[PDB]
Amino acid sequence: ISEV
Amino acid sequence: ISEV
Amino acid sequence: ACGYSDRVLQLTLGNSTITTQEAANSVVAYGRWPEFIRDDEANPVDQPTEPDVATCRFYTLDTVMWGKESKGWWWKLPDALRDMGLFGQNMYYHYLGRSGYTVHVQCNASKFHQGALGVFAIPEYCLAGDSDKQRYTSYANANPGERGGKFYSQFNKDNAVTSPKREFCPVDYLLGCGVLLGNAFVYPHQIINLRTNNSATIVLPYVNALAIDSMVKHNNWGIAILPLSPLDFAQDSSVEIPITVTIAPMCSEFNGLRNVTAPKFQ
Amino acid sequence: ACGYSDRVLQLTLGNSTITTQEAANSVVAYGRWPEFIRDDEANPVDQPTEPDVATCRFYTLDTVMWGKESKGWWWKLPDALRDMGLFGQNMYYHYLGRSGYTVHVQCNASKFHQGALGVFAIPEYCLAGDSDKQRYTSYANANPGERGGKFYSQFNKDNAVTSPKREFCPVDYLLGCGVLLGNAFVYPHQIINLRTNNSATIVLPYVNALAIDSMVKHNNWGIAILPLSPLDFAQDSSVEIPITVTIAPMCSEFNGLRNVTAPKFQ
Amino acid sequence: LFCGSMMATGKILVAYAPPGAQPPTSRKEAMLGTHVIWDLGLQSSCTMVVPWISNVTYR
Amino acid sequence: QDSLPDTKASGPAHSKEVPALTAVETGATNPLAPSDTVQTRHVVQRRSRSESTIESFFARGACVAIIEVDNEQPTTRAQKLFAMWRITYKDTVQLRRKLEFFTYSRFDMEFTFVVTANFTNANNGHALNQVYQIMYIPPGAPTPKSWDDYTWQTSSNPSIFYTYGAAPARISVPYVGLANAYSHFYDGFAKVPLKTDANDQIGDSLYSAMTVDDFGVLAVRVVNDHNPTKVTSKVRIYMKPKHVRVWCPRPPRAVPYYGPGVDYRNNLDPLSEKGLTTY
Amino acid sequence: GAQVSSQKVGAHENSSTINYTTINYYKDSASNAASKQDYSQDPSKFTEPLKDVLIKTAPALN
Amino acid sequence: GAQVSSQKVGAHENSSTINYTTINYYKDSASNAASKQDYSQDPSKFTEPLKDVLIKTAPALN
Ligand SMILES: CCOC(=O)c1ccc(OCCC2CCN(c3ccc(C)nn3)CC2)cc1
Ligand SMILES: *C(=O)CCCCCCCCCCCCC
Ligand SMILES: *C(=O)CCCCCCCCCCCCC
């Protein structure tokens, strides 16, 4: 995933 | 995820 | 210790002091004491005016007489105070103004008199009108100032289409607004039961959907005083006692100064 | 650095801003900036009112026209401001009031016009009267408010004993008070020399023998504007330019609140 | 912006009155509200900021 | 865990504590329980107030409007080829009464559109499936004069394109109020009459009314060109408040509504007749 | 970014904490469903707006 | 390959950072929805295209  |  | 009581109060604001030897504790409307607009809730950017002791003091309105036929009285705030010394001036010289209040209602009698006054503080007190016409009550008739208004026992419709009175028709058991009086207790209130107390003291915060608004275009609080139980004395059928309303502005602040507003109350 | 100047000023008080591109620095009367009454110089014990931005702002008085025959103009303070918005209200609703001021006097023309205005700020400006009668000038005539008064070139005595005018007779070279005008420079002043500057800015402290006094009974400062050198232009014998006086209250504080004072200016 | 000749001088009052009262018909009334006194000179132009003073959060 | 307070085993009393006595004049309600006036047992309470939360109370789609729109041959007279509706919860009475239990509210709004249609005339042939265009016109934006004019180009206004037979159309709207809360009641005016006014109509206003167009309109049309035979249709609008917060409680409307304000006209007799000593 | 929480089980099948999963598909929070896990508060501001709030066993008016 | 980010919550339900999830299904970036997390910039290139940009309190023309 990629959490900002 | 986020488990409450 | 010493001998203090729930029934003996002193209210001191500015150069004014009220003493009561027979009160029924005091209500702080919705649990909130009056306060100033915080920087994180602020909206007009201009530096406000805060007149403190010159506007936040006890103004006593003209006395009304309670008698056996009395149906009820009502005032709007800030309207009731529009002509009260430096408060009224600050109110009309600025576009914006907020205020909290201490309402102190006065009614004394004797151990042999009888009756119960319902003192009600209502947020956004919208009243019903005259006519077939909806939302037709005029600014001049909506705002009686110090004089206040009265309730009626039934709906007598303003019949003359040609030259309409454009007034309110406040029916007592409908709280003048389409709901039942017995439920008005969900609103901040006290009862002046003549065997128990001479007075009622309700402290009011500024309540509104905005931090500040036009005091000249809009009333925030309404004061409704309806006799829950009628005035009675000995056997004298035309008994009559005075009800005196004393109000003080609290944490008053003003924004948007310019030339004075002169409304037409004619 | 950057390019700043003695002649280019910005005065900002409350919601009011003045800009001048041709000033002559600015005078602070007697070296003292306006201030509030200190606890160790205090005398009325009641909590004061301090209206801040609603009273301490720039009020522009009615413009006067300077012309070839103009002998002089004079105003008194606080009198000049008695009807200026919330300041006047605070002044008349309280027994006691103190104030400092920024006086900004305006007179512009052209590189081809000529003349010099003497702008004088005087403590306790007592003027001379009409008559044979001593100290007979009436409150109504002593106080012209915003309109101010004028100077005269010679003493024409009010002759009619029967119905006396009870007015002042201010003779220009005697500063209207029995002394010579050339010495008025011992008082806080500036000169509007038309080849040098459009304006004069005098800042004034509260000066008095008391910390605070009755503003309605007593003027603290007097503003005298006498043409030291007459207005002249090209060769047009009836030249005429506007002189505009703009004044702001400073560090205003009020004591002894009660009902409003309504003086008789009739 | 003053677009007059350099030899022309003048002082102007420009104002903003927040809503609710009589719209100003006289300098005397305009004086009382937010205002700038512009003096004409080498700096050709004057800016008056109309400050956000309002009851609602968005007009 | 969200259950209510357990009941306490309480016993006999002989004391100078008198909780049964109070004074309602003070403005307060006595915080009593059975254990103060009677002997109680210990009950472990499992009951909860989960359905009466402000959210659960409003969590239901309520009908607030029926917009009637036709698709027929554009003739030269008054027709319903397109319709407009001022958005409001006040045309209906049911949701209006629930939201009016409170003075102020703040929420997001969900709109669900049930479209239904039918044949008007016994028979002129039939119609192919109709597509509906619901355009939101916020105050200021140009209102359509014609069913196929340029405003329907909708370059910046939100529009819904619904196809008959499909699952009902649905969208969400944020808290769009000009204030920190929607006012369900406004004790005021939008204009004030000044002494200096020319006529006395200049400063005249409707009592309790705020903005003229308040939130704008929904414009509806059949995007289809007209069939020979006419099709009448109804767009039913369901409204549901979500992520709800409410302030200052008010008494429920006890007499029938008479317009947008609090005005009453008739049926001012809400209560039944029942004898004082009759059960 | 999946959100997981316990259901409050009413009628239990003959089979203990049962969970449900939630995921937001939209950037604008207005687009979200209702969480319905709502906390409560005291009646007090309404049932006792008093400056001196008194104990139920002591005289209301002293 | 799931993308997770914080929603800017406007009207808060009575229940704090709430997130939403995004996944791209297509190879061609043109096929993607709009991220709408857009950064801003100065008016300057337009409001002050000056070679000597001056301080607002100093004379504009010196
Ligand atoms: C002042 C009393 O009224 C209300 O409190 C109240 C009444 C209506 C409310 O709805 C929000 C206003 C509008 C804003 C946007 N809107 C939209 C927007 C897009 C579409 C396709 N359809 N409808 C329709 C509703 C919200 C509050
Ligand atoms: C956090 O949500 C990461 C885990 C995502 C698991 C797969 C979800 C598949 C559905 C993605 C929904 C995209 C909606 C715009
Ligand atoms: C990164 O995305 C890995 C996690 C994927 C979780 C399951 C997603 C299920 C949907 C896959 C979409 C395929 C689209 C072409």
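Counting neighbours? That spans all protein chains shown, and the Cβs are built from the backbone with ideal geometry, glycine included. Only the coordinates and a few stated rules stand behind these numbers; no lab work does.
How many residues does the stretch C:226-266 hold that are within 26 Å of F:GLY188 (Cα to Cα), within 14 Å of chain F (Cβ to nearest Cβ) and in a strand (DSSP E or B)?
The number of residues fulfilling the criteria is 2.
Just to verify a result, which residue in the stretch D:12-27, among those that are more than 7 Å from chain E (Cβ to nearest Cβ) and of a type in the set (A, V, I, L, M), is farthest from D:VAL105 (Cα to Cα)?
Here the answer is D:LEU13.
Based on what the data block shows, is C:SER153 of a type in the set (S, T, N, Q), more than 26 Å from F:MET210 (Cα to Cα) and surrounded by fewer than 17 Cβ atoms within 10 Å (Cβ to Cβ)?
yes
I'd like to know if the stretch F:174-188 contains one or more residues that are acidic (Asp, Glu), within 16 Å of ligand 1 (Cβ to nearest atom) and crowded, with 20+ Cβ neighbours inside 10 Å.
Within the stretch F:174-188, one or more residues are acidic (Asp, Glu), within 16 Å of ligand 1 (Cβ to nearest atom) and crowded, with 20+ Cβ neighbours inside 10 Å.
Buried (at least 21 other Cβ atoms within 10 Å of the Cβ), among the charged types (D, E, K, R) and within 12 Å of chain F (Cβ to nearest Cβ): does that describe C:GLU124?
yes
Tell me which residues, restricted to the stretch H:18-36, are part of a helix (DSSP H, G or I) and either within 15 Å of ligand 3 (Cβ to nearest atom) or closer than 19 Å to A:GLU3 by Cβ (or both).
H:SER29, H:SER31
Would you call H:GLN3 surrounded by 10 or more Cβ atoms within 10 Å (Cβ to Cβ), within 16 Å of ligand 3 (Cβ to nearest atom) and within 14 Å of chain G (Cβ to nearest Cβ)?
yes
Within the stretch F:69-93, can you find the residues that are under 20 Å from F:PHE215 (Cα atoms) and either within 12 Å of ligand 1 (Cβ to nearest atom) or outside any strand (DSSP E or B) (or both)?
F:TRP85, F:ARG86, F:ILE87, F:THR88, F:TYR89, F:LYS90, F:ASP91, F:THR92, F:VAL93
Okay, residues lined up against (1) more than 8 Å from chain F (Cβ to nearest Cβ); (2) under 30 Å from H:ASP38 (Cβ atoms):
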| residue | (1), (2) |
| --- | --- |
| G:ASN14 | yes, no |
| G:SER31 | no, yes |
| G:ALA34 | no, yes |
| G:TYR39 | yes, no |
| G:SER44 | yes, no |
| G:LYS56 | no, no |
| G:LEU61 | no, no |
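Specify which of the listed residues (F:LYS191, F:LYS234) is of a type in the set (D, E, K, R) and not in a loop (DSSP other than H, G, I, E, B).
Matching residue, one of F:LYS191, F:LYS234: F:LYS234.
Which of the residues belonging to the stretch C:53-88 are farther than 25 Å from D:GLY256 by Cβ and not in a loop (DSSP other than H, G, I, E, B)?
Result: C:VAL64, C:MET65, C:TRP66, C:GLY67, C:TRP73, C:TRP74, C:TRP75, C:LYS76, C:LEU77, C:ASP79, C:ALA80.
Kindly list the number of the only condition in (1) part of a loop (DSSP other than H, G, I, E, B); (2) facing chain D (nearest Cβ under 10 Å); (3) more than 29 Å from F:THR211 (Cα to Cα) that fails for E:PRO18.
(3)
From F:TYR136, F:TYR186, which residue is more than 16 Å from ligand 3 (Cβ to nearest atom) and assigned to a strand (DSSP E or B)?
F:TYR136
Condition (residue is in a loop (DSSP other than H, G, I, E, B), loosely packed, with under 11 Cβ neighbours inside 10 Å and not basic (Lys, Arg)) applied to the stretch H:9-16: is it met by at least one residue?
Among the residues of the stretch H:9-16, at least one is in a loop (DSSP other than H, G, I, E, B), loosely packed, with under 11 Cβ neighbours inside 10 Å and not basic (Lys, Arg), which makes the answer yes.
Give the residue, chosen from C:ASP236, C:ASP213, that is among the acidic types (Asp, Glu) and crowded, with 21+ Cβ neighbours inside 10 Å.
The unique qualifying residue is C:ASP213.
Quick check on this structure: which one of C:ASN108, C:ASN183, C:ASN159 is within 26 Å of G:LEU50 (Cα to Cα), of a type outside the set (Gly, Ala, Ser) and more than 12 Å from every other protein chain (Cβ to nearest Cβ)?
C:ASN108
Of the conditions (1) of a type outside the set (A, V, I, L, M); (2) within 14 Å of chain C (Cβ to nearest Cβ); (3) part of a strand (DSSP E or B), F:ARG97 fails just one. Which one is it?
Among (1) of a type outside the set (A, V, I, L, M); (2) within 14 Å of chain C (Cβ to nearest Cβ); (3) part of a strand (DSSP E or B), the lone unmet condition for F:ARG97 is (3).
Which condition number in (1) over 30 Å from D:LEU86 (Cα atoms); (2) in a loop (DSSP other than H, G, I, E, B); (3) of a type in the set (S, T, N, Q) is the one that C:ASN43 fails?
Single failed check for C:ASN43: (1).
Any idea how many residues of the stretch C:127-139 are in a loop (DSSP other than H, G, I, E, B) and surrounded by fewer than 24 Cβ atoms within 10 Å (Cβ to Cβ)?
8
What is the number of the single condition among (1) surrounded by fewer than 18 Cβ atoms within 10 Å (Cβ to Cβ); (2) farther than 24 Å from D:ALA121 by Cβ that D:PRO48 does not meet?
Evaluating D:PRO48 over (1) surrounded by fewer than 18 Cβ atoms within 10 Å (Cβ to Cβ); (2) farther than 24 Å from D:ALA121 by Cβ leaves (1) as the failure.
Within the stretch F:137-153, can one find any residue that is within 13 Å of another protein chain (Cβ to nearest Cβ) and more than 9 Å from ligand 1 (Cβ to nearest atom)?
yes
Just one of (1) in a loop (DSSP other than H, G, I, E, B); (2) within 14 Å of chain C (Cβ to nearest Cβ) trips up F:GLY275, so point out which.
All conditions are met except number (2).
Scan (1) charged (D, E, K, R); (2) in contact with a helix residue (DSSP H, G or I) (Cβ under 9 Å, 6 or more places away or on another chain); (3) not in a helix (DSSP H, G or I) for the single condition C:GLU146 breaks and write down its number.
Checking C:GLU146 against (1) charged (D, E, K, R); (2) in contact with a helix residue (DSSP H, G or I) (Cβ under 9 Å, 6 or more places away or on another chain); (3) not in a helix (DSSP H, G or I), the one that fails is (3).
Please determine, by comparing only the residues of the stretch C:199-216 that are in a loop (DSSP other than H, G, I, E, B) and closer than 19 Å to C:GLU146 by Cβ, which one is farthest from the other protein chains (Cβ to nearest Cβ).
If we take residues in the stretch C:199-216 being in a loop (DSSP other than H, G, I, E, B) and closer than 19 Å to C:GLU146 by Cβ, then C:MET215 is farthest from the other protein chains (Cβ to nearest Cβ).
Pick from F:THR116, F:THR120, F:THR88: which is closer than 27 Å to G:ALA30 by Cβ and out of contact with any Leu (no Cβ under 9 Å at 6 or more places or on another chain)?
None of the other options fit; the residue is F:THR88.
Out of all the residues in the stretch G:40-59, is one or more within 16 Å of ligand 3 (Cβ to nearest atom) and more than 26 Å from H:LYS36 (Cβ to Cβ)?
No, that holds for no residue.
Could you tell me how many of the residues in the stretch C:62-92 are under 22 Å from F:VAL192 (Cβ atoms) and either hydroxyl-bearing (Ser, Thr, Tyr) or more than 14 Å from chain D (Cβ to nearest Cβ) (or both)?
10
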